file work.txt (compact mmCIF, C-alpha atoms and all ligand atoms)
# COMPACT_ATOMS: atom_id res chain seq x y z
CA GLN Q 301 1.23 51.55 24.47
CA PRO Q 302 -0.19 48.18 23.28
CA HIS Q 303 -1.27 47.95 19.62
CA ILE Q 304 -2.45 44.78 17.85
CA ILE Q 305 -0.65 44.27 14.54
CA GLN Q 306 -2.12 40.93 13.44
CA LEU Q 307 -5.43 39.18 14.12
CA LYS Q 308 -6.70 37.41 11.00
CA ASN Q 309 -10.00 35.71 10.18
CA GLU Q 310 -9.64 31.93 10.25
CA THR Q 311 -11.40 29.10 8.43
CA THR Q 312 -11.41 25.43 9.44
CA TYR Q 313 -13.52 22.27 9.02
CA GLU Q 314 -15.87 20.49 11.40
CA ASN Q 315 -14.00 18.00 13.59
CA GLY Q 316 -10.69 19.47 12.44
CA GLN Q 317 -8.58 21.87 14.50
CA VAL Q 318 -7.58 25.52 14.32
CA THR Q 319 -5.15 28.07 15.74
CA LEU Q 320 -6.13 31.68 16.40
CA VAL Q 321 -3.20 34.10 16.68
CA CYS Q 322 -3.05 37.66 18.09
CA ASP Q 323 0.16 39.68 17.53
CA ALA Q 324 0.63 42.87 19.58
CA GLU Q 325 3.38 45.49 19.99
CA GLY Q 326 4.12 47.73 22.97
CA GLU Q 327 6.47 48.64 25.80
CA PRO Q 328 6.16 47.24 28.37
CA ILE Q 329 5.42 43.99 26.58
CA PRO Q 330 1.59 43.68 26.33
CA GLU Q 331 -0.40 40.94 28.06
CA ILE Q 332 -3.09 39.21 25.94
CA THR Q 333 -6.57 37.85 26.67
CA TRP Q 334 -9.13 36.03 24.48
CA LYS Q 335 -12.92 36.34 24.78
CA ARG Q 336 -15.43 34.11 22.97
CA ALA Q 337 -18.22 36.39 21.80
CA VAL Q 338 -21.07 33.87 22.04
CA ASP Q 339 -20.97 33.15 25.78
CA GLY Q 340 -18.29 35.69 26.64
CA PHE Q 341 -15.84 33.17 28.06
CA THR Q 342 -12.32 34.45 28.59
CA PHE Q 343 -9.00 32.66 28.03
CA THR Q 344 -5.34 33.19 28.93
CA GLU Q 345 -2.22 31.09 29.61
CA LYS Q 348 -7.78 25.19 30.62
CA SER Q 349 -10.38 24.26 29.47
CA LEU Q 350 -12.78 21.63 30.79
CA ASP Q 351 -13.39 19.38 27.79
CA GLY Q 352 -9.74 20.10 27.00
CA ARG Q 353 -10.52 20.91 23.38
CA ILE Q 354 -9.43 24.52 23.75
CA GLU Q 355 -6.06 25.63 25.14
CA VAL Q 356 -4.14 28.92 24.98
CA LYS Q 357 -0.38 29.47 24.81
CA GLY Q 358 1.49 32.78 24.86
CA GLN Q 359 4.80 33.77 23.31
CA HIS Q 360 5.76 37.22 24.66
CA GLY Q 361 3.86 39.85 22.66
CA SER Q 362 1.88 37.17 20.85
CA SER Q 363 -0.87 34.71 21.77
CA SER Q 364 -2.41 31.66 20.18
CA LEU Q 365 -5.69 29.97 20.90
CA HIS Q 366 -5.96 26.38 19.69
CA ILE Q 367 -9.07 24.24 19.39
CA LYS Q 368 -9.10 20.55 18.60
CA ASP Q 369 -12.16 18.60 17.46
CA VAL Q 370 -13.92 21.72 16.18
CA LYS Q 371 -17.70 21.86 16.66
CA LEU Q 372 -20.02 24.12 14.63
CA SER Q 373 -20.63 26.08 17.83
CA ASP Q 374 -17.01 27.24 17.74
CA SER Q 375 -17.78 29.53 14.84
CA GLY Q 376 -18.35 33.23 15.31
CA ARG Q 377 -16.41 36.17 16.71
CA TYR Q 378 -13.42 36.01 19.03
CA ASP Q 379 -11.98 39.09 20.73
CA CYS Q 380 -8.32 39.72 21.43
CA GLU Q 381 -7.37 42.31 24.05
CA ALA Q 382 -3.75 43.36 24.49
CA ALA Q 383 -3.53 45.14 27.88
CA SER Q 384 -0.72 46.61 30.00
CA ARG Q 385 -0.08 49.07 32.82
CA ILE Q 386 -0.31 52.06 30.49
CA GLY Q 387 -3.12 51.03 28.15
CA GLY Q 388 -5.15 48.48 26.22
CA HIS Q 389 -6.08 47.70 22.62
CA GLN Q 390 -8.76 45.31 21.39
CA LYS Q 391 -9.80 43.81 18.07
CA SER Q 392 -12.02 41.03 16.76
CA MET Q 393 -11.88 38.15 14.32
CA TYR Q 394 -14.22 35.49 12.99
CA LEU Q 395 -13.82 31.72 12.92
CA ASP Q 396 -15.62 30.23 9.92
CA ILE Q 397 -16.37 26.49 10.04
CA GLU Q 398 -16.78 24.46 6.84
CA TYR Q 399 -18.35 21.02 6.36
CA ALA Q 400 -19.57 18.50 3.77
CA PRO Q 401 -23.28 18.91 2.89
CA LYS Q 402 -25.85 17.71 5.40
CA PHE Q 403 -29.39 16.73 4.46
CA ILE Q 404 -32.14 18.02 6.74
CA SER Q 405 -35.22 16.79 4.84
CA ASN Q 406 -37.84 15.35 7.22
CA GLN Q 407 -39.34 13.06 4.56
CA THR Q 408 -37.60 10.54 2.29
CA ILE Q 409 -40.44 8.15 1.42
CA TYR Q 410 -43.11 9.46 -0.95
CA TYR Q 411 -46.29 7.92 -2.36
CA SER Q 412 -48.08 8.38 -5.66
CA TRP Q 413 -49.65 6.50 -8.56
CA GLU Q 414 -49.74 6.43 -12.39
CA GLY Q 415 -50.86 9.79 -13.75
CA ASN Q 416 -50.45 11.65 -10.45
CA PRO Q 417 -47.65 14.27 -10.46
CA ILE Q 418 -45.57 14.55 -7.29
CA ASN Q 419 -42.75 16.81 -6.09
CA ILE Q 420 -40.01 15.33 -3.91
CA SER Q 421 -37.91 17.81 -1.94
CA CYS Q 422 -34.22 17.67 -1.04
CA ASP Q 423 -33.08 20.14 1.61
CA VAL Q 424 -29.40 20.77 2.29
CA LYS Q 425 -27.26 22.81 4.67
CA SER Q 426 -23.60 23.21 3.64
CA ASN Q 427 -20.64 25.60 3.88
CA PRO Q 428 -19.53 26.58 1.38
CA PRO Q 429 -22.78 26.20 -0.61
CA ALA Q 430 -23.12 22.88 -2.45
CA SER Q 431 -23.95 22.02 -6.02
CA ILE Q 432 -26.89 19.67 -5.94
CA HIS Q 433 -28.21 17.09 -8.38
CA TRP Q 434 -30.85 14.40 -8.50
CA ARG Q 435 -29.68 11.14 -10.06
CA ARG Q 436 -30.21 7.42 -10.63
CA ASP Q 437 -27.02 5.34 -10.70
CA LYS Q 438 -24.76 8.27 -11.60
CA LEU Q 439 -27.30 9.61 -14.14
CA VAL Q 440 -28.37 13.23 -13.54
CA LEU Q 441 -32.09 13.91 -13.84
CA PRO Q 442 -33.78 14.81 -15.99
CA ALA Q 443 -31.76 13.27 -18.79
CA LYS Q 444 -32.85 13.87 -22.38
CA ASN Q 445 -34.56 10.45 -22.34
CA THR Q 446 -36.69 11.12 -19.23
CA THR Q 447 -39.30 13.57 -20.46
CA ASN Q 448 -41.55 13.01 -17.44
CA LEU Q 449 -38.96 14.45 -15.00
CA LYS Q 450 -38.07 18.04 -14.15
CA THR Q 451 -35.96 19.63 -11.44
CA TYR Q 452 -36.41 23.01 -9.77
CA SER Q 453 -34.27 25.04 -7.41
CA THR Q 454 -36.06 27.41 -5.02
CA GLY Q 455 -33.07 28.63 -3.04
CA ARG Q 456 -33.42 26.48 0.06
CA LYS Q 457 -34.71 23.37 -1.73
CA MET Q 458 -33.98 21.09 -4.67
CA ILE Q 459 -37.16 19.63 -6.17
CA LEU Q 460 -37.65 16.56 -8.36
CA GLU Q 461 -41.03 16.59 -10.10
CA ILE Q 462 -42.22 13.17 -11.22
CA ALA Q 463 -45.19 12.51 -13.49
CA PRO Q 464 -45.49 8.77 -12.80
CA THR Q 465 -46.38 6.68 -15.85
CA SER Q 466 -44.79 3.25 -15.51
CA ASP Q 467 -43.81 0.95 -12.67
CA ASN Q 468 -40.36 2.32 -13.56
CA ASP Q 469 -41.00 5.86 -12.31
CA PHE Q 470 -41.33 4.25 -8.88
CA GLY Q 471 -38.28 3.37 -6.83
CA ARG Q 472 -35.14 4.96 -5.40
CA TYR Q 473 -33.70 8.38 -6.29
CA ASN Q 474 -30.47 9.93 -4.96
CA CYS Q 475 -30.04 13.58 -4.12
CA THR Q 476 -26.31 14.28 -4.18
CA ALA Q 477 -24.60 17.39 -2.92
CA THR Q 478 -20.95 18.34 -3.22
CA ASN Q 479 -18.67 21.13 -2.08
CA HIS Q 480 -14.89 21.25 -1.63
CA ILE Q 481 -15.09 19.21 1.57
CA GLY Q 482 -16.83 16.40 -0.34
CA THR Q 483 -19.84 14.66 -1.86
CA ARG Q 484 -22.74 13.42 0.25
CA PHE Q 485 -26.10 11.93 -0.68
CA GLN Q 486 -29.56 11.05 0.58
CA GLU Q 487 -31.64 8.24 -0.91
CA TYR Q 488 -35.34 8.89 -1.52
CA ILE Q 489 -38.13 6.42 -2.32
CA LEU Q 490 -41.15 6.95 -4.55
CA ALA Q 491 -43.61 4.17 -3.80
CA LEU Q 492 -46.87 3.06 -5.39
CA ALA Q 493 -49.82 4.07 -3.24
CA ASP Q 494 -52.70 1.67 -2.72
CA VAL Q 495 -56.35 2.15 -1.79
CA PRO Q 496 -57.19 1.65 1.92
CA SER Q 497 -57.81 -1.78 3.43
CA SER Q 498 -61.11 -2.86 4.99
CA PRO Q 499 -62.61 -0.93 7.88
CA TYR Q 500 -63.60 -3.45 10.57
CA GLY Q 501 -65.43 -3.97 13.85
CA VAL Q 502 -68.50 -2.38 12.32
CA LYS Q 503 -71.38 -1.83 14.74
CA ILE Q 504 -74.86 -0.33 14.82
CA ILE Q 505 -74.51 1.70 17.99
CA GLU Q 506 -77.73 3.70 17.78
CA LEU Q 507 -81.06 2.73 16.22
CA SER Q 508 -84.51 4.28 15.77
CA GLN Q 509 -87.45 4.07 13.38
CA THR Q 510 -85.91 6.09 10.55
CA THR Q 511 -82.26 6.51 11.54
CA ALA Q 512 -79.17 4.61 12.70
CA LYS Q 513 -75.57 5.43 13.57
CA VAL Q 514 -72.85 3.09 12.41
CA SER Q 515 -69.49 2.90 14.17
CA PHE Q 516 -66.30 1.22 13.02
CA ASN Q 517 -62.50 0.97 13.25
CA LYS Q 518 -60.25 2.60 10.65
CA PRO Q 519 -58.26 0.34 8.29
CA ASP Q 520 -54.85 -0.96 9.42
CA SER Q 521 -53.56 0.32 6.09
CA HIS Q 522 -54.30 3.71 4.53
CA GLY Q 523 -52.37 2.67 1.43
CA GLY Q 524 -49.67 5.32 1.74
CA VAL Q 525 -51.84 8.42 1.26
CA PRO Q 526 -54.30 9.76 3.86
CA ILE Q 527 -57.92 8.62 4.04
CA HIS Q 528 -60.18 11.47 2.93
CA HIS Q 529 -63.59 10.13 3.98
CA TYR Q 530 -65.70 6.99 4.39
CA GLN Q 531 -68.46 5.53 2.29
CA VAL Q 532 -71.30 3.49 3.73
CA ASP Q 533 -73.39 1.37 1.36
CA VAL Q 534 -76.87 0.66 2.76
CA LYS Q 535 -79.48 -1.65 1.18
CA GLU Q 536 -82.86 -3.10 2.13
CA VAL Q 537 -82.35 -6.87 2.11
CA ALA Q 538 -85.42 -7.12 -0.13
CA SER Q 539 -83.98 -4.55 -2.54
CA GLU Q 540 -81.23 -4.71 -5.16
CA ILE Q 541 -80.32 -1.03 -5.04
CA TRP Q 542 -77.52 0.20 -2.81
CA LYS Q 543 -77.67 3.81 -1.59
CA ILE Q 544 -74.55 5.79 -0.69
CA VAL Q 545 -73.71 7.80 2.39
CA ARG Q 546 -70.44 9.75 2.61
CA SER Q 547 -69.10 10.35 6.12
CA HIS Q 548 -68.18 13.79 7.41
CA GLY Q 549 -64.41 13.72 7.03
CA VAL Q 550 -62.39 11.10 8.86
CA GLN Q 551 -64.99 10.40 11.57
CA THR Q 552 -65.39 6.65 12.18
CA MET Q 553 -69.11 7.16 12.74
CA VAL Q 554 -71.84 7.81 10.20
CA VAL Q 555 -75.51 8.57 10.71
CA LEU Q 556 -77.96 6.92 8.36
CA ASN Q 557 -81.10 8.98 7.80
CA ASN Q 558 -84.42 8.39 6.04
CA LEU Q 559 -84.64 4.64 6.64
CA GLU Q 560 -88.02 2.85 6.61
CA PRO Q 561 -89.44 1.60 9.95
CA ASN Q 562 -89.40 -2.14 10.77
CA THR Q 563 -87.05 -2.77 7.85
CA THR Q 564 -84.05 -5.09 7.67
CA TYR Q 565 -80.99 -3.38 6.19
CA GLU Q 566 -77.54 -4.51 5.13
CA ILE Q 567 -74.53 -2.21 5.14
CA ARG Q 568 -70.82 -2.16 4.39
CA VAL Q 569 -68.17 0.52 4.80
CA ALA Q 570 -65.19 1.51 2.70
CA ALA Q 571 -62.49 4.14 3.15
CA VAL Q 572 -61.63 6.50 0.30
CA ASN Q 573 -58.17 7.97 -0.21
CA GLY Q 574 -56.64 10.06 -2.99
CA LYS Q 575 -56.01 7.02 -5.15
CA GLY Q 576 -59.59 5.78 -4.72
CA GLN Q 577 -62.07 3.63 -2.81
CA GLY Q 578 -60.74 0.95 -0.48
CA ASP Q 579 -61.89 -2.57 0.35
CA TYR Q 580 -65.34 -3.08 1.86
CA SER Q 581 -65.90 -4.35 5.38
CA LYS Q 582 -67.95 -7.47 6.03
CA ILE Q 583 -71.67 -6.92 5.52
CA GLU Q 584 -73.59 -6.03 8.68
CA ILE Q 585 -77.32 -6.45 9.23
CA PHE Q 586 -79.77 -4.52 11.38
CA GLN Q 587 -83.47 -3.77 11.57
CA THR Q 588 -85.09 -0.39 12.28
CA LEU Q 589 -87.71 -0.10 15.03
CA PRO Q 590 -91.41 -0.54 14.17
CA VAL Q 591 -94.15 2.05 14.09
CA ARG Q 592 -96.00 1.69 17.38
CA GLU Q 593 -98.81 3.12 19.50
CA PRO Q 594 -98.37 6.65 20.86
CA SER Q 595 -96.46 7.25 24.08
CA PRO Q 596 -98.48 8.14 27.23
CA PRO Q 597 -99.97 11.69 27.04
CA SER Q 598 -98.69 14.52 29.19
CA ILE Q 599 -101.16 16.91 30.77
CA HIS Q 600 -101.65 19.64 33.34
CA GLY Q 601 -104.63 21.78 34.25
CA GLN Q 602 -106.22 24.92 35.62
CA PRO Q 603 -109.65 26.04 36.85
CA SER Q 604 -112.28 26.73 34.18
CA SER Q 605 -115.55 28.34 35.26
CA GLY Q 606 -117.77 27.46 36.66
CA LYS Q 607 -117.76 23.95 38.10
CA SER Q 608 -115.35 22.73 35.42
CA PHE Q 609 -111.62 22.14 34.87
CA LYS Q 610 -109.41 22.41 31.78
CA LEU Q 611 -106.70 19.90 30.90
CA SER Q 612 -104.01 21.09 28.48
CA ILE Q 613 -102.13 18.67 26.25
CA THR Q 614 -98.36 18.90 26.02
CA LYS Q 615 -97.67 17.11 22.72
CA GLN Q 616 -95.89 13.78 23.22
CA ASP Q 617 -94.28 11.03 21.13
CA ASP Q 618 -96.47 10.13 18.12
CA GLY Q 619 -95.07 6.65 17.51
CA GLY Q 620 -94.94 6.99 13.73
CA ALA Q 621 -98.64 7.31 13.00
CA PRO Q 622 -100.91 10.32 13.59
CA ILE Q 623 -102.71 10.64 16.92
CA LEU Q 624 -106.39 10.85 16.02
CA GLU Q 625 -108.06 10.52 19.41
CA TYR Q 626 -107.51 11.35 23.08
CA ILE Q 627 -109.50 9.38 25.66
CA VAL Q 628 -109.97 11.15 29.00
CA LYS Q 629 -111.58 9.09 31.76
CA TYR Q 630 -112.14 10.66 35.17
CA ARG Q 631 -113.81 9.97 38.51
CA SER Q 632 -113.86 11.05 42.18
CA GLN Q 638 -116.78 4.59 39.37
CA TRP Q 639 -115.44 6.27 36.21
CA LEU Q 640 -116.69 8.31 33.25
CA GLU Q 641 -115.20 8.42 29.76
CA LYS Q 642 -114.77 11.16 27.17
CA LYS Q 643 -113.04 11.35 23.80
CA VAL Q 644 -111.61 14.31 21.86
CA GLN Q 645 -109.78 14.68 18.54
CA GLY Q 646 -106.04 14.46 17.87
CA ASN Q 647 -105.64 17.97 16.50
CA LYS Q 648 -107.04 19.26 19.80
CA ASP Q 649 -105.15 21.50 22.22
CA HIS Q 650 -107.12 20.87 25.41
CA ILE Q 651 -110.10 19.18 27.01
CA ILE Q 652 -112.69 20.69 29.30
CA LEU Q 653 -114.21 18.47 31.96
CA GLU Q 654 -117.50 19.89 33.26
CA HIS Q 655 -120.14 19.52 35.99
CA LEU Q 656 -117.85 19.03 38.96
CA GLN Q 657 -118.18 19.74 42.68
CA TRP Q 658 -116.34 22.51 44.53
CA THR Q 659 -113.53 21.57 46.94
CA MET Q 660 -113.42 18.11 45.33
CA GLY Q 661 -110.43 16.15 44.00
CA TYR Q 662 -110.46 14.15 40.78
CA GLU Q 663 -108.77 11.07 39.33
CA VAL Q 664 -107.96 11.16 35.61
CA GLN Q 665 -106.51 8.84 32.97
CA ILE Q 666 -105.57 9.98 29.45
CA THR Q 667 -104.89 7.80 26.44
CA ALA Q 668 -103.68 8.74 22.97
CA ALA Q 669 -104.56 6.66 19.92
CA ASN Q 670 -103.21 6.14 16.41
CA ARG Q 671 -103.96 3.71 13.54
CA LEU Q 672 -102.01 1.17 15.59
CA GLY Q 673 -103.88 1.48 18.87
CA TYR Q 674 -103.85 3.04 22.31
CA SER Q 675 -101.08 4.23 24.57
CA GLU Q 676 -100.70 3.19 28.14
CA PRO Q 677 -102.90 5.62 30.15
CA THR Q 678 -101.35 8.64 31.89
CA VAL Q 679 -102.53 9.19 35.44
CA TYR Q 680 -103.35 12.72 36.56
CA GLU Q 681 -105.25 14.11 39.53
CA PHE Q 682 -106.34 17.61 40.59
CA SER Q 683 -108.16 19.54 43.31
CA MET Q 684 -111.07 21.85 42.51
CA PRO Q 685 -111.05 25.18 44.38
CA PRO Q 686 -113.53 26.17 47.12
CA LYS Q 687 -116.88 27.76 46.23
CA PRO Q 688 -116.92 31.45 45.12
CA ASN Q 689 -119.16 34.11 46.70
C1 LIG T 701 -13.55 38.78 8.89
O1 LIG T 701 -14.79 38.19 8.52
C2 LIG T 701 -15.86 39.13 8.46
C3 LIG T 701 -17.19 38.41 8.27
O2 LIG T 701 -17.64 37.90 9.51
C4 LIG T 701 -15.66 40.10 7.31
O3 LIG T 701 -16.00 41.40 7.75
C5 LIG T 701 -14.23 40.05 6.80
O4 LIG T 701 -14.07 38.94 5.95
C6 LIG T 701 -13.24 39.94 7.95
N1 LIG T 701 -13.23 41.18 8.70
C7 LIG T 701 -12.08 41.79 8.94
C8 LIG T 701 -12.17 43.18 9.50
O5 LIG T 701 -10.99 41.26 8.71
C1 LIG T 702 -43.37 21.24 -8.01
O1 LIG T 702 -42.66 22.42 -7.67
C2 LIG T 702 -42.58 23.40 -8.69
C3 LIG T 702 -41.64 24.52 -8.24
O2 LIG T 702 -42.16 25.16 -7.09
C4 LIG T 702 -43.99 23.89 -9.00
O3 LIG T 702 -43.97 24.89 -9.99
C5 LIG T 702 -44.80 22.70 -9.51
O4 LIG T 702 -46.12 23.11 -9.79
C6 LIG T 702 -44.79 21.58 -8.46
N1 LIG T 702 -45.45 20.39 -8.97
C7 LIG T 702 -46.28 19.68 -8.21
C8 LIG T 702 -46.57 18.28 -8.66
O5 LIG T 702 -46.80 20.11 -7.17
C1 LIG T 703 -27.27 6.39 -4.25
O1 LIG T 703 -25.88 6.41 -4.06
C2 LIG T 703 -25.36 5.29 -3.39
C3 LIG T 703 -23.85 5.47 -3.32
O2 LIG T 703 -23.39 5.69 -4.64
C4 LIG T 703 -25.71 3.99 -4.11
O3 LIG T 703 -25.32 2.89 -3.32
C5 LIG T 703 -27.20 3.90 -4.39
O4 LIG T 703 -27.43 2.78 -5.20
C6 LIG T 703 -27.64 5.18 -5.09
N1 LIG T 703 -29.06 5.19 -5.37
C7 LIG T 703 -29.49 5.51 -6.59
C8 LIG T 703 -30.97 5.67 -6.76
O5 LIG T 703 -28.73 5.69 -7.54
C1 LIG T 704 -31.90 6.91 -20.50
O1 LIG T 704 -32.82 5.92 -20.07
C2 LIG T 704 -32.58 4.63 -20.60
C3 LIG T 704 -33.70 3.66 -20.20
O2 LIG T 704 -33.36 3.00 -19.00
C4 LIG T 704 -31.22 4.12 -20.15
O3 LIG T 704 -31.00 2.82 -20.65
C5 LIG T 704 -30.13 5.04 -20.66
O4 LIG T 704 -28.91 4.66 -20.07
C6 LIG T 704 -30.43 6.51 -20.35
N1 LIG T 704 -29.61 7.34 -21.21
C7 LIG T 704 -28.55 8.04 -20.79
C8 LIG T 704 -27.35 7.27 -20.33
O5 LIG T 704 -28.54 9.27 -20.78
CA CA T 705 -54.43 -3.80 -1.16

call {"tool": "encode", "arguments": {"input": "work.txt", "output": "structure tokens", "more": "lines below"}}
Ligand SMILES: *[C@@H]1O[C@H](CO)[C@@H](O)[C@H](O)[C@H]1NC(C)=O
Ligand SMILES: *[C@@H]1O[C@H](CO)[C@@H](O)[C@H](O)[C@H]1NC(C)=O
Ligand SMILES: *[C@@H]1O[C@H](CO)[C@@H](O)[C@H](O)[C@H]1NC(C)=O
Ligand SMILES: *[C@H]1O[C@H](CO)[C@@H](O)[C@H](O)[C@H]1NC(C)=O
Ligand SMILES: [Ca+2]
result
Amino acid sequence: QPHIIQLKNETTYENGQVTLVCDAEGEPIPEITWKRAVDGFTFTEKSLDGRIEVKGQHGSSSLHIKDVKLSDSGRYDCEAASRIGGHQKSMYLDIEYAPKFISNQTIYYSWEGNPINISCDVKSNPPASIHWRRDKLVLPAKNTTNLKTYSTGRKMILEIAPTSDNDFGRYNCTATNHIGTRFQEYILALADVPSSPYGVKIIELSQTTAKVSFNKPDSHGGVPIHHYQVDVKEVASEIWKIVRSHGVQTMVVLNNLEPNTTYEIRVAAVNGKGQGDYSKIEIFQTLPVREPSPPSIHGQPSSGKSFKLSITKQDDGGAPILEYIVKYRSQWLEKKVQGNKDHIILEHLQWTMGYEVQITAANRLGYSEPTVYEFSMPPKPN
């Protein structure tokens, strides 16, 4: 009746090799099978890659792996089976290795007076002891009052309060366990302000507004652009006014400009360190105040032999409409009404007749092009 007497936990190192051994008693002499817990593969007296092979020694088995991978770790099951019965137990293969660094970022940017934390992240088995250093000097040392290190469990942090072109440069994070010492080099670099935005264009223009469009700088200086600043100045003025973009949009709308006015502008990106270089100056001129746009009208019958035109407010042109001029025929007749007006009543018409009408709007600048409108009077009532 098979009974396993020895099946010990094993430890080995990555890329090394290991031997798992199951010892079992019993009459008749027990047969022995290995199963790998993870994928449930079974082994007895292969395999493909040829890394793993099993050899038996009458009442005892051994499973040998060469070139151990981290995926070899975990539980392995030994079953000793015969005609009369079976016994099964389990063991664990632990795999050790020199520390590995899994930090996704090794270059960091800051500037004088701006505190920054650099993080070192390490997987290792057994757990490593970890230190930050510069040329074999562990940090902070007593003579580096601007440095501090923290451990959070899964990270080792070096906090730098930069205050000298000496706080910038390379730092080593070094980790060691009994397999060995490994290290990862980090860089703290001096951030800069952004370079010039370019390809600046006025891509929309009106009387009192304009939208400026541009390309982002080829250099953000090492820390992300936060927003953009557009300076805008009347050529005839000495005072620049400031417009901050909405976030990182490469387009800014200028509001409240004066009509028919020549403006100069320039754009600069701002990052955490400060304001970047200005683009080349760009010039544009806002549209002029003009005459009103052509009026828009429609009508309905108004008793008795009259008709009422209603005004659907239209583009002012920058100066108040103070006068509508309705001329109608079907030779012509004129008629004027005031800007604040809502409608116009034409009177003394004939039944069943059709009329030709032209409407003009006027402001301090002049008259619009006339709007043509025609209508048919209804038949006579009884
Ligand atoms: C084998 O390792 C496991 C951890 O996976 C632990 O229970 C102990 O160290 C060993 N178990 C037995 C039963 O030997
Ligand atoms: C750096 O990390 C430590 C530990 O979490 C934290 O207390 C400290 O405020 C951080 N410093 C900076 C510059 O963010
Ligand atoms: C980090 O360690 C390596 C190996 O000792 C060394 O070449 C390099 O100069 C070190 N960097 C720092 C900042 O000490
Ligand atoms: C501390 O910093 C100074 C300045 O570079 C350096 O010369 C000195 O070696 C450091 N002191 C030690 C070894 O702890
Ligand atoms: Ca620069």

call {"tool": "closest_atom_pairs", "arguments": {"input": "work.txt", "of": "range 345-408 of chain Q", "to": "range 428-441 of chain Q", "cutoff": "9 Å", "atoms": "only C-alpha atoms", "output": "Markdown table"}}
result
| residue | atom | partner | partner_atom | distance |
| --- | --- | --- | --- | --- |
| Q:398 | CA | Q:428 | CA | 6.5 |
| Q:399 | CA | Q:428 | CA | 7.6 |
| Q:400 | CA | Q:430 | CA | 8.4 |
| Q:401 | CA | Q:430 | CA | 6.7 |

call {"tool": "atom_distance", "arguments": {"input": "work.txt", "atom1": "CA of residue 628 in chain Q", "atom2": "CA of residue 593 in chain Q"}}
result
16.7 Å

call {"tool": "closest_atom_pairs", "arguments": {"input": "work.txt", "of": "chain Q", "to": "ligand LIG 704 (chain T)", "cutoff": "8 Å", "atoms": "only C-alpha atoms and all ligand atoms", "output": "JSON lines"}}
result
{"residue": "Q:439", "atom": "CA", "partner": "T:LIG704", "partner_atom": "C8", "distance": 6.6}
{"residue": "Q:443", "atom": "CA", "partner": "T:LIG704", "partner_atom": "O5", "distance": 5.5}
{"residue": "Q:444", "atom": "CA", "partner": "T:LIG704", "partner_atom": "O5", "distance": 6.5}
{"residue": "Q:445", "atom": "CA", "partner": "T:LIG704", "partner_atom": "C1", "distance": 4.8}
{"residue": "Q:446", "atom": "CA", "partner": "T:LIG704", "partner_atom": "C1", "distance": 6.5}

call {"tool": "write_last_selection", "arguments": {"input": "work.txt", "atoms": "C-alpha atoms", "output": "PDB file, keeping the file's coordinate frame"}}
result
ATOM      1  CA  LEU Q 439     -27.300   9.610 -14.140  1.00  0.00           C
ATOM      2  CA  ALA Q 443     -31.760  13.270 -18.790  1.00  0.00           C
ATOM      3  CA  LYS Q 444     -32.850  13.870 -22.380  1.00  0.00           C
ATOM      4  CA  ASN Q 445     -34.560  10.450 -22.340  1.00  0.00           C
ATOM      5  CA  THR Q 446     -36.690  11.120 -19.230  1.00  0.00           C
TER       6      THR Q 446
END

call {"tool": "residues_near_ligand", "arguments": {"input": "work.txt", "ligand": "ligand LIG 702 (chain T)", "cutoff": "7 Å", "atoms": "only C-alpha atoms and all ligand atoms", "output": "JSON, numbers by chain"}}
result
{"Q": [417, 418, 419, 452, 454, 459, 461]}

call {"tool": "closest_atom_pairs", "arguments": {"input": "work.txt", "of": "chain Q", "to": "ligand LIG 701 (chain T)", "cutoff": "12 Å", "atoms": "all atoms listed in the file", "output": "Markdown table"}}
result
| residue | atom | partner | partner_atom | distance |
| --- | --- | --- | --- | --- |
| Q:306 | CA | T:LIG701 | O5 | 10.1 |
| Q:307 | CA | T:LIG701 | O5 | 8.0 |
| Q:308 | CA | T:LIG701 | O5 | 6.2 |
| Q:309 | CA | T:LIG701 | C1 | 4.9 |
| Q:310 | CA | T:LIG701 | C1 | 8.0 |
| Q:311 | CA | T:LIG701 | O1 | 9.7 |
| Q:375 | CA | T:LIG701 | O2 | 9.9 |
| Q:376 | CA | T:LIG701 | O2 | 7.5 |
| Q:377 | CA | T:LIG701 | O2 | 7.5 |
| Q:378 | CA | T:LIG701 | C1 | 10.5 |
| Q:379 | CA | T:LIG701 | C1 | 11.9 |
| Q:391 | CA | T:LIG701 | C8 | 8.9 |
| Q:392 | CA | T:LIG701 | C8 | 7.6 |
| Q:393 | CA | T:LIG701 | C1 | 5.7 |
| Q:394 | CA | T:LIG701 | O1 | 5.3 |
| Q:395 | CA | T:LIG701 | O1 | 7.9 |
| Q:396 | CA | T:LIG701 | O2 | 7.9 |
| Q:397 | CA | T:LIG701 | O2 | 11.5 |
